[PDB]
Every structure is written in structure tokens, then in C-alpha cells.
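Labels below follow one simple rule: chain letters A, B, ... track the order of the sequence lines, proteins then strands, and each chain is numbered from 1.
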Number of protein chains: 10
Amino acid sequence: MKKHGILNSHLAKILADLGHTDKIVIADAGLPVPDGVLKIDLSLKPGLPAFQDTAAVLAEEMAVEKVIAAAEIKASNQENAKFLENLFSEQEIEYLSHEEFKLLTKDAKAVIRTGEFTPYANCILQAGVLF
Amino acid sequence: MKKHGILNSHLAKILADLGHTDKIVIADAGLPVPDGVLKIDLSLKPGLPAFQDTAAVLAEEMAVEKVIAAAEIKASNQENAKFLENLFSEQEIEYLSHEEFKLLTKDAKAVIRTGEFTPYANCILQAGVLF
Amino acid sequence: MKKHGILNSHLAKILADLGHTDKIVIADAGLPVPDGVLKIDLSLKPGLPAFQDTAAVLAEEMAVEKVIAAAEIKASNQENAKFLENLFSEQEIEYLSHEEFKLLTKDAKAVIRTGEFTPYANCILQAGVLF
Amino acid sequence: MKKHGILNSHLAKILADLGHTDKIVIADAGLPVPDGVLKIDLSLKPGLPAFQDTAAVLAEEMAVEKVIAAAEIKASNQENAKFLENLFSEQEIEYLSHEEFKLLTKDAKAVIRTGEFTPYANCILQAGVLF
Amino acid sequence: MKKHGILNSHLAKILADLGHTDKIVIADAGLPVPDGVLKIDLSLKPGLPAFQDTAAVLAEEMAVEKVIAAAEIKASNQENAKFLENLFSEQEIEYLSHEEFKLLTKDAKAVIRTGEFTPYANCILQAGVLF
Amino acid sequence: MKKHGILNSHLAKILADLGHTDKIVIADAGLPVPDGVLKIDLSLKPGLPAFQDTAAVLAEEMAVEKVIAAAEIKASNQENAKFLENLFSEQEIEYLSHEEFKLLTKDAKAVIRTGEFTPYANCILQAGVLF
Amino acid sequence: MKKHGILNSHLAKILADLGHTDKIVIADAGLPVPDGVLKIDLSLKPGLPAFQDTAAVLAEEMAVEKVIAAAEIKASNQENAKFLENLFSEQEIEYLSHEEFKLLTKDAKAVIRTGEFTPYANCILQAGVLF
Amino acid sequence: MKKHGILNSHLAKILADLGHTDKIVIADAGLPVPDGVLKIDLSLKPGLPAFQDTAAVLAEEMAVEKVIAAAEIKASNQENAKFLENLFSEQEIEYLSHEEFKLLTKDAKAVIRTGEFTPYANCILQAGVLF
Amino acid sequence: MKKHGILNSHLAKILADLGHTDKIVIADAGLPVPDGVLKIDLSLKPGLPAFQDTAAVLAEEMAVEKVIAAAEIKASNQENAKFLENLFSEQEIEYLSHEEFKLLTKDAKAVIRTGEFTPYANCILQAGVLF
Amino acid sequence: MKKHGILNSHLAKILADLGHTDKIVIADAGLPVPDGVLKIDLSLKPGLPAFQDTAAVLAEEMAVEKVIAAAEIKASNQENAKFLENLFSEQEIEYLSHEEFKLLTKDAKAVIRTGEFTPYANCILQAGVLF
Ligand SMILES: [Cl-]
Ligand SMILES: [Cl-]
Ligand SMILES: [Cl-]
Ligand SMILES: [Cl-]
């Protein structure tokens, strides 16, 4: 077995190929995945795994220089909106309209689907660099 | 979005094709997956999702007529061994040596990998029939 | 076997992947399917299965937030046109010219071909969200 | 559109390649499909389309020289057994144990899944010759 | 064997998927086939099978609502030009410059190559509807 | 255009790869094609093209050192049987039971389906060498 | 073995599909092959086989109506330039800048790499018709 | 970028999938790789990278429970043979004839080719388990 | 074994297809690889193999006519910038903004990932000609 | 361009993967190529390129530890049999019946087809080691 790094085989493969500025998506259960974009579905049942738990894990295993989210998350979902803000306190957090956000997901390397059943609980983690 | 059934897209696809007697595997994080057998990895981190939580979900979404496990689970892991026994109280529960168990996984339609970090926490759910 | 959800394996796989706003088509025996769009043909013989029957099943298995049809259905196929309005009484129903409808079918995740042998018996079901 | 022949596009393609002795299967909603065998699922909901209805269409579009079924069809399905005897009057009708039957489906060009929710409602059509 | 419809397996599969307005091409031994368009070559030797014979069989197995040919066919190959006009008496027969005709063949679902060795003996058959 | 050799593009590709002792099959409209063997269908309609005509073309474009056919042809299809003897009068002609013949078609590089509608009108051409 | 036509199997396949106006490329050991264009490398060692020898074979096995080359060849490779004029004395010979020539190779069905080691020893053969 | 784990993307993907008892190979510049076994070549030039260096990295990133090598390493490559015994002091080390070793490499998930230019510098690392 | 040329099997294959002007990339451990561009990752651990070492090998096995790098390499990597100037004395060395540079890598035949953990340590080698 | 090694791109890729004991074949225009074995056809026309010339280039670019040929080559083609013996003076030259030789070609990594038109001018070159 692999000694270090993220436990998920599909996810490790994705992180393995990450280059500076590449993007991945952590999505709630309703986010549509653009055609051509790999979908790694971790959902077990409504609410599991949670948007937060998943974001925490990716944050611990990926060097993130920027986080992007839909402004709508601030309106209907303040919980996750503040979680994301605190988790990535030092990174760059930008809000776009959900529409623009979805457009940007076309460039993602993969969309990680969680069981999160709350509005606009989605974000784009943009890869930083180790040197 | 799909109104009913299991929440996981990969899993729904697998269940969708299940015929009477087809088999699927729910595995701990260390079970080797035979070549050719689809691997759907739900692991988030050590212990998550748990062997039990996953088995409960599959039991609620799949008609199971038989469960197979490695006898070794009774020795080092009584917790999950009793969970499986209670969960599938009415189904047929057979124990094989872990070796024989792994041989049988060659015929599985897929191996669902969980984050379970406990010995021999693996089982084969054999599809029943609705009529 | 799969306990809940739509019975058709091909269809279940399609619903499994539906994200908010994704679209699928239910078509009559003569609708052309754009290149690259998955075609799942349910037809048994002329008239079977019927547009109506298929539309009913999909409505029970998918959360539809909007329905789209060719305006030519109202004039050339009153029976099926009113059926739609009735079945999707709560959903937003939009009519486009048949030509524009077909253009839109290029974005569909799949086209479900029925045995319907009546003019313009086609519709696009746009996925809603469970939360 | 295609003028003559079976209406289903997937089935049409299967019949097109049939040579003397090639076999197809018509199955109830629970028959397991062997790996590598194309599955054309016509099912719409439990019971539809029916084993009998589907079997009739295929008899009308395919030159059958022999029909094979599981003996268990007589004990667990007396009706469907008579139907076959009647439908394929001039054809040889062989019965095997369900197990032998399933082993035989491995050679089939495809398995047509019906919505039949009746025990052992399966059969193999063995193509004859037109000259 | 297949009881009804066109005898050629490759052609059968093509006709089977035809939706209203889809197009196929019947070509002479010299027509270039656009990249990506399935080529079904029926030629045996110079002149066989003939453009006319092939065109007759397709007329008998496919519902044609429109026929397209290059105007140059009226200049050098009046025989085949007259044949085509009489074969599709009721249908719409449109002539385009050979150059424009070739551009249109890019939308075709397939190009059937015959053994015809006479100038511009090519045509596009656009599919109609059975209802 | 290609100046020399067989006209059929599909057939030219098959001959081009022919090595000493590679086998090819010319079949009637009913011979089953073993799985994995390329099927090049030249059939236009019942009887066209004819086994004889197809055989003549191949004989003139392929160096044949041996021909194999089913014994059943001598009595059930005396015409095409005489033909074979005459056409390949200088080659070694071997007859096997139709069953053995079919098993032997497993090793064929391709099966060329003709429109021939007479029983046992099949044969195998075994490639020779030009030096 | 194949009795007639070009000896190279890879080349025979390319010619077999040639339609009126399809293009082919004979290149020296340095010409870049555009992505997506099939590369058939005949090179054995520097200078072998020669552009001239390769051109002669293709000219005798392919009906050519036009030849295109880079103007740079007339001055940087007078020998092979004269050759071309002589070999294709009856065909239309057009010269383009080497850059335009390369852009034009994007549409080629294949690039045949020779061992030629002299600058601008490349050309495009445009297929003609046998009728 | 990926924060933890092995730096090589190809290797990380391989470790990602390791299940208890799965095997991978570290090979010298001359070991033959069985068909079907993924080859990840790290070689830069003769000697680089070295067997030892690669073995060290893999040992730090993979949980090895057993190591396998050719007995010919002891006699023909003392330096690398003792290196192994030292690095994997706690693991079970088994030696087989080189021929038997190679046979075993057929079961490997991949062969990591190094630039090692010394005799029999090859080994199989069998994955252990983290629990 | 291969007698001459670069030792890496993956690189050898890339160099083999190089035509005049084709480009390859040598990248540090953080350069993102565009979709569709083959990635040959040689990295072993941070720093190994080095950008310079890798660049030297490629210069010894590939005829480079031009080298392209990001201007940012001079400010964030004064050493590696001199190395390139020295190594490719007779070659044109063009500098672009890192952004333009990345856009250029989209046309590369492949990206060779080194273990270089130094800012902007990337370059594009543009193949020259041997005649 | 590639600076060193064999000129042929297809051949380069093959040599690049050669591991000790791997085998490739150099064949005359008549040797059949076993199914699944990559065929690299270098033939231009009868006799070119010659078996000898091709064999010389491969001897110069590949480390051969053994040569295999059919004994029939000594009977009909002594010229090429002597050439082979002198070319590989030091190496082991084993003769097998042509039939056995052909069986061995199934293990080959590739078959290089030359234009040689003389009997049994084929051989297997088994790879050696550079250390
Ligand atoms: Cl479902
Ligand atoms: Cl049909
Ligand atoms: Cl990792
Ligand atoms: Cl090389």
C-alpha cells in the first residue's frame, strides 16, 4: 500500500498529475459535470461525504493558491461559505456568478462529487506550486 | 437528478446491470482488486467511509440473497463480523478462507473500496431476484 | 438486483449522472439523433412503447424542472401535447420550433427512442435539483 | 427511415449479422448477462415489455430453427411454456437445467432484456436459414 | 437469419438508425469519402454492382423524402440521371454543383461505394418518416 | 485512384496483408461468422453478388495454393461444386464436413459474405507465394 | 499473396481508399507529419529508399492528376526537381512556398516517409479517376 | 500540486492502486517486460537513475512486506545484492532463479525501468498493508 | 537491446517521429501539461533528475535548431539561463512571457517532466534537420 | 530530428523497448504474420528492400545474442543463408524447421517485412544485453 498522500486511488491519480494552475472541483450532489471532465463520485448518501470534510482532505493533500466559488453560496449557504473562507484563510478566494463558475468547470481536470445536499456547495481548487 | 435509488453514480450504474447471482465486493482499504475488475473507490481518509456504513447502504439498495466473507474476519474483527451477521440476518452467510475469498472476487462485477482500516473487513454481496 | 429506481439499466445509468440542468430526450420513432448523442432505443414495434408511457416513467424517476417541446406538437398532435401539459403541470413548459428543438437535442445526454408513431411526439426533460 | 424489418435499431443490427446457428436471448428482468455479451435492455417498468410480446416480435423478424429454455420454466411458469410450444410449432424445443441454460447464453450474440417479472421466463433463439 | 429488410448487414445497421432527414450516399468508384464518414464498399469489379441496381435496392428499403445529385450528371451521364428521376418520381430531386454535392456528403451517415465506372453517378438519399 | 488490383477497398486491405498460408472465406448469405473474424459483406440482394462471381474475382487477384469446402456441397449444390473444381482445377481441393469447415473458419483473416442463396456455397482460399 | 498492385501492405491500404482528389505525401526524412495524419515510414537508412524510387512506384500504382511541391526544391534540389517534372510530365504541377505546402499536408491521407536526405524532397500526389 | 507522496506521477498512480500482496518491479536497463505489463521508464542515461536510488524512494513511499530477487544477483552483483538486504532488513527476502523471477514479473502491476547497467539488478516489491 | 541513441524508451519513441520544426518540452516539476500532450515523467524525487542534466542528454540525442524559454527564467533562475545559452551556442534562443510559453507547449509532441524544483526551469526544443 | 540510432521511426520504437531476450523478425514478402504481432512493412517493390540490407542495418542498431532461421533456407537460398552466417559470426545461429520457426514468430515483438522475393529469407534476432 501507498505510505503517504491522499487515501483515494482515483484522487491520488488526479493530484499526481497536477501542474501549477491546474484546477479540480469539489461539488455538491447537484452540480452538472461538463462533458469530457472526469467525474470521481464519493457520495454514499445524502450529506455524505460532506462538502466540508472533503474540502478539508483536499486542502491537506493539495497545494492550493486559489479557490473559486459561486457568489450564490453566500446567500443560501453561509455555513460552508464561512468554512471555505476559514479553511483557505491565506489563499485567494474569488466569487463568480454560479453561471460563470460552471463555465470555468469546463477547464477542470476532474469534478469530485460529494453527498452535500445544500445549495451552491461547490468550489474550484487551483493548484499552487511547491517551489 | 435521479429521484430514487443509491446516490452514487458509479454504484447506481453497477446495480443497474445486476442480474440474479451477480456479485459485488465491499472492501477495506487493503484488499487487492483483481485485474479486469472495476474499482469504485469511495475512501476519503482512514476509516471513512466505514465498512459498516457502506454495507448498510448497499443492503438498502440491492436485493441480496447471499453474503460471503473471509473466516479470518471472525478472529481479528468481531465488530464488523457481527454487524454483517445482524444486517443480513435473513440472507445466506458463508465464510471461506481469505485466500478462497480473494479467488472469488475475480468474478465480481466491481469492488467498492471503503476507508475501513480493520483486518478482513470485506464481503461479497450476491444479487437476489425481485420475483 | 437493484431494488429502487427506474428498471431500465441504460436509463438508470443516464439518470445516475444527471446534474442540475442536464437534459435528456424522449423521442418518437422518427426523430434524428445528433452525432455523439447516446441513443437508447426502447422500441418494440410501431406504437410500442408509447411516448406517453415512457414520459410517465421518466417523470416518476427524474426530477424535472423544465420541459421543452416543438410548437408543432400542439397543432399536429393534440393528444400527446395535452398529455405533456397535464403530466408536467407544475414544470415550466417551453415550446420552440421543431428545427430549434432538434438543434437543442445536440446538448442532450441521451435520446430515448420510443415506438411512438405520431407527429412531433418529442420532448426534452431538463433535470432539476433535490435541494 | 428503414422501411421493413424490426423497428428497434439495436435489435435490427443484431439480426443483420445473424448467420445459420447464431443465437440470441430474450430474458426476464433478472437473468444475469455474461461478460462480453451485448445487453439490449428494452425494459420500461416491471412487466413491460412482456416476455411473450417480445418473443413474438422476434419470431416475426427472425428465422428460428430451434428454441432452448430452462426446464424450470414449466414448473415455475406453465403459461409461458405453452406459448413457446405454440409459437414455435415447426421448431425443435429443447429444455435444459437453468444452470446449463445460463452457460449457453455465453455464446449468444446478445441478450434482450424484457421487463418480464416471472421466474425463468428466458429463452434462446437459434437462427435458421432462408435457403 | 433476418427475415425482412435489406440483405446487407452493414447497410441494415445504417438504415436501422435512420431518423427523419438523415442522409446516406450511393457513390461511384471514384467519389472521395469525407474523413469520419463510414464507407461501406460493395464493389466487386468495374461496373459491379451498378449504381442503378444499388439505388433500386435502397429505394425499396428506405423511405426517401429527397434526392440530391450533382448537375454534372446531366451532362456526361444522362442514362443514370434519367434512371434516378424515374426511380424517385414523387420525391424531390435537387441538383447542386458537384463541388457543393461533395460538401454535403460530409453530413452523411455513410457512403455506399458501388462499382459504377461512369461520371458523377452519385446521389444523396435524405430519409423521410413513416408517420 | 488505385490503378491495379481488386476494386473493393475492404478486400484490397485483406489481400495486402496476405502471407503464405493465410486463409480467406467466401460465404453464402447464411454462413455464420466466428467472433473476432472480420466480415466484409458484399451482398446486395438475394443472389447478388453470386458465389461464383465473387470467387472468380478473388481467384484472379489472390495467389491460391489450396481450396477447402464442405463435402455437403457436392450433393446439395452440384452447380457451385463443379464451378469450384473447374476454377481451381490446378489447386489442391480438400473437402471436410461442414462442421469441420466452420471450425476452420475461426482462423480466417476475414469472411466475405456474398448474396449467394444456395446451401453450402462457401469455401476457403489459402494463400500461396509469388516466389 | 496479393497478385497485383503495390507491394507494400500499408501503402496498398492507402491506395485502396483513394477517391478522386484525395491526397498522398511522399516525404524526405525530415518533413514533419501533421498530427492525425498516418505516417508510413519506409526509410531504411540515410538515402534509402530514395524519393525518386518511391515516387516511381506510387506513380505506377496510383492514377495521379496533379502534383504539388515546394518552390524551394527548384533551387535547393534541382536533381529531384527535374525528376518530378519528367516523371509527371503529363500531370499538372503546382509549386507553393514550403510553408503553404506543409499546411496543405494537413489534408493528406498519409505521409510516406522515404530515406531521402536532400532538402525539400517532398511532394503531394492528388488522385485522379479511372473513368 | 500534490503535497505528499512519491513525486513521479506515473509511479504515484501505481502506488495509489496497490492492495495487499500486489507487486511491482524495479528493473535494470535490460530486463524484458512481459506483454501487458505497464512499463514506466525513468532512465536518463546509462547508470541513471540507479537501481539503489530508485529502490530507496519506492521503499519510503510503499509498504513492502516481501521482496523477491534473482539468486544470480548475489554472485554477479554483490554491491546491489547487499544493498537490498540492508534496505529491506525487516522484510522477508526470497531469491528465485532469474528465469523464475521473470516468470513472476508477469503478475506485476508495472515494471519501473531504471538506468542501472549492472547484472541482475532487479527486484519485486510485494505490497504490505497499513492495518 | 538498442545499440545507439537515447536510453529512455519513451523519449526514443518521441525523437523517432521528430520532423523539422516539431517541438518537445523539458519541464520542472510544476509546469502544467496541456490536455492531449503526452507527458513522460522522469522525476524521481525533488531535484532529480535535474533540468540541466536532462537538457544535456536531449541536446546530445536531438538536432535542435531553436530553443524557447520564459523570460521569467532569467529573473527567477539566472543560472539555468546561462546553461542554455552555453549549451545551445549555435541555436536561436527566444524568450517569451511564461504565459505565451505555456500556450506554446500546446503544440509540443510531449512534455518531459524533470524533478527540477526551480522557478520557470522549462524550455522548448525545436527540432532541426540532418540535411 | 533524432541524431543517432536507426532511421526508421517504427523500428526505433521497437528497438527502444527491447529487453534482454526479446525477439523481432526480419521477413521476406511471403512470411505470414501471426495475429497480434505488429507488422512493419518496409517493402517498396519486388526485391526492395533486400533481406540482406535490412538484416545489416538491424545488426548495426541492435545487440543480437542469437539468430534463428529455418533449415529450408540452406536448401533453396544458400546465398542469404551464407550472408546471415557471416553477418552474425560470433552469435549463436540456430536452425529450426520452417514450421517450428513460424511457431516461434508468435512470440516476436514485431515482424519487419522486406521486399525479398527468395525462399525462406526470414530470421529471428533475439536481443542481448549491453552489460
Ligand atoms: Cl437507480
Ligand atoms: Cl432490417
Ligand atoms: Cl500520492
Ligand atoms: Cl533510437
Side-chain angles (χ1 to χ4, degrees), chain F residues 16-23 62-66 91-92 107 109 126-131, chain G residues 1-2 7-9 44, chain H residues 32, chain J residues 11 14-15 18 21-43 46-128:
Chain F
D17 279 328
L18 287 186
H20 189 188
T21 72
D22 284 335
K23 301 165 181 55
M62 179 192 165
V64 182
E65 73 180 5
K66 174 180 180 174
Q91 283 70 57
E92 161 181 40
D107 307 321
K109 297 310 174 188
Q126 179 173 302
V129 221
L130 303 177
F131 59 95
Chain G
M1 285 185 62
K2 185 167 68 79
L7 181 56
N8 192 284
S9 60
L44 183 283
Chain J
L11 295 181
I14 296 185
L15 297 187
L18 289 181
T21 72
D22 282 342
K23 307 169 181 55
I24 60 167
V25 178
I26 298 184
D28 64 39
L31 186 72
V33 175
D35 297 297
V37 176
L38 173 59
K39 168 191 272 176
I40 302 187
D41 199 334
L42 306 179
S43 74
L48 303 173
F51 173 69
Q52 287 176 50
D53 290 349
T54 304
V57 171
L58 265 297
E60 173 57 53
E61 300 291 0
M62 173 187 169
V64 186
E65 71 171 5
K66 181 174 184 177
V67 181
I68 322 220
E72 289 75 357
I73 192 184
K74 292 168 172 175
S76 330
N77 191 177
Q78 296 138 176
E79 194 184 310
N80 286 299
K82 290 187 298 179
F83 174 79
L84 210 59
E85 296 254 51
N86 294 152
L87 174 53
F88 299 92
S89 307
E90 319 179 311
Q91 298 88 311
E92 187 198 311
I93 304 180
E94 204 200 339
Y95 291 86
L96 309 174
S97 71
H98 180 58
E99 293 305 306
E100 281 294 307
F101 173 87
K102 285 200 295 181
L103 248 48
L104 224 198
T105 61
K106 297 196 301 181
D107 300 333
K109 298 302 175 189
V111 172
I112 313 175
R113 183 174 188 257
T114 69
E116 180 77 16
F117 261 47
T118 69
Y120 311 88
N122 310 106
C123 76
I124 287 169
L125 299 179
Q126 181 174 299

Legend entry - F/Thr21 and F/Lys66, any side-chain heavy atoms less than 4.5 Å apart: no
Inset, instruction - Nearest 0.5 Å please: distance from the CG atom of J/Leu18 over to the CD atom of J/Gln126. - result: 11.0 Å
Inset, instruction - Work out which heavy atom in G/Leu7 is nearest to a heavy atom in J/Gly115; give both atom names and the distance. - result: CD2-CA, 4.2 Å
Inset, instruction - Drop me the distance from J/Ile68's CD1 to J/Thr105's OG1, to the nearest 0.5 angstrom. - result: 11.0 Å
Inset, instruction - Apply side-chain contact (heavy atoms from CB on, under 4.5 Å) to J/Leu125 and J/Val67, showing your working. - result: CA-CA 5 Å; J/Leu125 299 179; J/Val67 181; 4.0 Å; yes
Legend entry - Contact summary for J/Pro32 and J/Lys102, nearest pair of heavy atoms: CG-CD, 3.8 Å
Legend entry - Pairwise distance CG(J/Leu87) to NZ(J/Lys82) - rounded to 0.5 angstrom: 14.5 Å
Inset, instruction - Identify the two heavy atoms, one from J/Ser97 and one from J/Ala70, that lie closest to each other, and give their separation to 0.1 Å. - result: C-CB, 4.3 Å
Inset, instruction - Quick one: pull up CD1 in J/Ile40 and CD1 in J/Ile14 and give me the separation to the nearest 0.5 Å. - result: 3.0 Å
Inset, instruction - Check whether any side-chain heavy atom of J/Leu42 sits under 4.5 Å from a side-chain heavy atom of J/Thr114, and report yes or no. - result: no
Inset, instruction - Could I get the full list of salt bridge (charged side-chain N to carboxylate O under 4.0 Å, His left out) partners for J/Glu85, not counting sequence neighbours? - result: none
Legend entry - Heavy-atom side-chain proximity of J/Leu11 to J/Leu58 below 4.5 angstrom: yes
Inset, instruction - Give a yes or no answer on whether the side chain of J/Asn80 reaches the backbone of J/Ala121 with a donor-acceptor pair at less than 3.5 Å. - result: no
Legend entry - Charged N-O contact under 4.0 Å between F/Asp17 and F/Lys109: no
Inset, instruction - Kindly indicate whether the side chain of J/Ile73, heavy atoms from C-beta on, has any atom under 4.5 Å from the side chain of J/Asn122. - result: no
Legend entry - Distance (rounded to the nearest 0.5 Å) between J/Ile26 CD1 and J/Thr54 OG1: 6.5 Å
Inset, instruction - To the nearest 0.5 angstrom, please state how far the CG atom of J/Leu104 sits from the CD1 atom of J/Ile124. - result: 4.0 Å
Inset, instruction - Please examine the side chains of J/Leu84 and J/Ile93, heavy atoms only from C-beta on, and report whether any two atoms are closer than 4.5 Å. - result: no
Inset, instruction - Mind listing the closest non-hydrogen atom pair of F/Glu65 and F/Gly128 along with its distance? - result: OE1-CA, 3.7 Å
Legend entry - Side chains of J/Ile24 and J/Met62 in contact at under 4.5 Å (non-hydrogen atoms): yes
Legend entry - Under 3.5 Å donor-acceptor, F/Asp22 side chain and F/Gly19 backbone: yes
Inset, instruction - Looking only at non-hydrogen atoms, find the nearest pair between J/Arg113 and G/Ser9 and report the distance. - result: NH1-N, 4.1 Å
Inset, instruction - Could you tell me whether a side-chain N or O of J/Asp28 sits under 3.5 Å from a main-chain N or O of J/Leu31, the two making a donor and an acceptor? - result: yes
Inset, instruction - Check J/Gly30 against F/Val129 and note the closest heavy-atom contact, atom names and distance. - result: CA-CG1, 4.1 Å
Legend entry - Residue pairs involving residues 83-123 of chain J (criterion ring pair (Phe, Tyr, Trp, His ring centres under 6.0 Å); sequence neighbours excluded): F/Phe131-J/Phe117, J/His98-J/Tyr120
